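Colleague: One file: start_18.cif (mmCIF, C-alpha atoms; chains and numbers go by the auth columns).
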data_my_file
loop_
_atom_site.group_PDB
_atom_site.id
_atom_site.type_symbol
_atom_site.label_atom_id
_atom_site.label_comp_id
_atom_site.label_asym_id
_atom_site.label_seq_id
_atom_site.Cartn_x
_atom_site.Cartn_y
_atom_site.Cartn_z
_atom_site.B_iso_or_equiv
_atom_site.auth_seq_id
_atom_site.auth_asym_id
ATOM 1 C CA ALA A 1 -3.644 1.761 20.474 0.00 1 M
ATOM 2 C CA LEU A 2 -4.131 -0.677 17.601 0.00 2 M
ATOM 3 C CA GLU A 3 -1.097 -1.553 15.486 0.00 3 M
ATOM 4 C CA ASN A 4 -0.571 -2.825 11.942 0.00 4 M
ATOM 5 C CA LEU A 5 -0.821 -6.544 12.685 0.00 5 M
ATOM 6 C CA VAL A 6 -4.218 -5.517 14.045 0.00 6 M
ATOM 7 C CA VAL A 7 -5.779 -3.800 11.033 0.00 7 M
ATOM 8 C CA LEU A 8 -3.757 -5.935 8.626 0.00 8 M
ATOM 9 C CA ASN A 9 -5.606 -9.103 9.627 0.00 9 M
ATOM 10 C CA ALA A 10 -8.999 -7.392 9.525 0.00 10 M
ATOM 11 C CA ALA A 11 -8.056 -5.418 6.416 0.00 11 M
ATOM 12 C CA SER A 12 -7.626 -8.662 4.484 0.00 12 M
ATOM 13 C CA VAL A 13 -11.022 -9.893 5.667 0.00 13 M
ATOM 14 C CA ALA A 14 -12.717 -6.557 4.996 0.00 14 M
ATOM 15 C CA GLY A 15 -11.544 -6.469 1.381 0.00 15 M
ATOM 16 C CA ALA A 16 -10.846 -2.873 0.369 0.00 16 M
ATOM 17 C CA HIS A 17 -8.330 -2.197 3.136 0.00 17 M
ATOM 18 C CA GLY A 18 -6.989 -5.615 2.152 0.00 18 M
ATOM 19 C CA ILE A 19 -6.110 -4.859 -1.466 0.00 19 M
ATOM 20 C CA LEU A 20 -4.891 -1.440 -0.339 0.00 20 M
ATOM 21 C CA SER A 21 -2.221 -2.940 1.914 0.00 21 M
ATOM 22 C CA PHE A 22 -1.021 -4.958 -1.074 0.00 22 M
ATOM 23 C CA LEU A 23 0.146 -1.607 -2.439 0.00 23 M
ATOM 24 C CA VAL A 24 3.600 -2.679 -1.270 0.00 24 M
ATOM 25 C CA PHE A 25 3.269 -6.123 -2.845 0.00 25 M
ATOM 26 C CA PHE A 26 1.844 -4.612 -6.027 0.00 26 M
ATOM 27 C CA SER A 27 4.893 -2.418 -6.601 0.00 27 M
ATOM 28 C CA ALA A 28 6.890 -5.609 -7.131 0.00 28 M
ATOM 29 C CA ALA A 29 4.099 -7.311 -9.070 0.00 29 M
ATOM 30 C CA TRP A 30 4.280 -4.560 -11.687 0.00 30 M
ATOM 31 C CA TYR A 31 8.059 -4.910 -11.886 0.00 31 M
ATOM 32 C CA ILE A 32 7.422 -8.387 -13.282 0.00 32 M
ATOM 33 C CA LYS A 33 6.883 -6.912 -16.744 0.00 33 M
ATOM 34 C CA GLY A 34 9.772 -4.464 -16.430 0.00 34 M
ATOM 35 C CA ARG A 35 8.288 -1.594 -18.432 0.00 35 M
ATOM 36 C CA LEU A 36 6.361 0.379 -15.816 0.00 36 M
ATOM 37 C CA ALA A 37 5.319 2.797 -18.557 0.00 37 M
ATOM 38 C CA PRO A 38 7.381 5.722 -17.186 0.00 38 M
ATOM 39 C CA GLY A 39 5.648 9.077 -16.751 0.00 39 M
ATOM 40 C CA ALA A 40 2.655 8.610 -14.457 0.00 40 M
ATOM 41 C CA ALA A 41 3.281 5.481 -12.391 0.00 41 M
ATOM 42 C CA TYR A 42 6.730 7.048 -12.094 0.00 42 M
ATOM 43 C CA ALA A 43 5.773 10.444 -10.683 0.00 43 M
ATOM 44 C CA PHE A 44 3.218 8.826 -8.381 0.00 44 M
ATOM 45 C CA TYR A 45 6.183 7.661 -6.308 0.00 45 M
ATOM 46 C CA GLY A 46 6.113 11.302 -5.219 0.00 46 M
ATOM 47 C CA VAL A 47 3.478 10.480 -2.607 0.00 47 M
ATOM 48 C CA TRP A 48 2.614 6.844 -3.301 0.00 48 M
ATOM 49 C CA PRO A 49 4.800 5.366 -0.521 0.00 49 M
ATOM 50 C CA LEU A 50 3.164 7.795 1.902 0.00 50 M
ATOM 51 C CA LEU A 51 0.155 5.484 2.129 0.00 51 M
ATOM 52 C CA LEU A 52 2.561 3.164 3.939 0.00 52 M
ATOM 53 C CA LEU A 53 2.139 4.895 7.294 0.00 53 M
ATOM 54 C CA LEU A 54 -1.422 5.896 6.423 0.00 54 M
ATOM 55 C CA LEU A 55 -2.975 2.474 5.853 0.00 55 M
ATOM 56 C CA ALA A 56 -0.447 0.614 7.997 0.00 56 M
ATOM 57 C CA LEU A 57 -2.437 1.701 11.047 0.00 57 M
ATOM 58 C CA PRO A 58 -6.183 2.433 11.404 0.00 58 M
ATOM 59 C CA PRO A 59 -7.692 5.903 12.024 0.00 59 M
ATOM 60 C CA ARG A 60 -7.903 5.096 15.733 0.00 60 M
ATOM 61 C CA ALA A 61 -4.132 5.566 15.777 0.00 61 M
ATOM 62 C CA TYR A 62 -2.263 8.394 17.495 0.00 62 M
ATOM 63 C CA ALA A 63 0.187 8.089 14.606 0.00 63 M
#
Hey, can you dump this file as structure tokens for me?
Modeller:
Amino acid sequence: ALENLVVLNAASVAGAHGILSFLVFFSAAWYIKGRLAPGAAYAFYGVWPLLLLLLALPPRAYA
């Protein structure tokens, strides 16, 4: 029944779940350099964005 804005607030306080949510903000942070050493960080995109719907909500989610 809990949504994102629910675990997001607690996630930040918790710590781990906090830096994990930044995954979206990190993607841009890395772009700062503009060299994202292609190869690994590139292929990761294969299932890296998937964590979006995974972390977004907590386990207690029917999602």
Colleague: Counting only C-alpha atoms, which residues sit no farther than 10 Å from the position (-2.0, 1.9, 12.4) in the file's frame? I'd like them as a list in words.
Modeller: residues 1, 2, 3, 4, 5, 6, 7, 8, 52, 53, 54, 55, 56, 57, 58, 59, 60, 61, 62 and 63 of chain M
Colleague: Pick the closest to residue 44 of chain M from M:20, M:32, M:27, M:12: which is it, counting all atoms listed in the file?
Modeller: M:27
Colleague: Between atom CA of residue 11 of chain M and atom CA of residue 46 of chain M, what is the spacing in Å?
Modeller: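 Spanning atom CA of residue 46 of chain M to atom CA of residue 11 of chain M is a straight-line distance of 24.8 Å.
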Colleague: Applying 10 Å and all atoms listed in the file, which residues near residue 23 of chain M remain after dropping the ones on its own chain fewer than 4 positions away? List them as a list in words.
Modeller: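 Answer for this query is residues 18, 19, 27, 28, 29, 48, 49, 51, 52 and 55 of chain M.
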Colleague: Distance atom CA of residue 17 of chain M-atom CA of residue 37 of chain M, one decimal place?
Modeller: 26.1 Å
Colleague: Just how far from atom CA of residue 14 of chain M is atom CA of residue 36 of chain M, in Å to one decimal?
Modeller: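 Computing it gives 29.1 Å between the two atoms.
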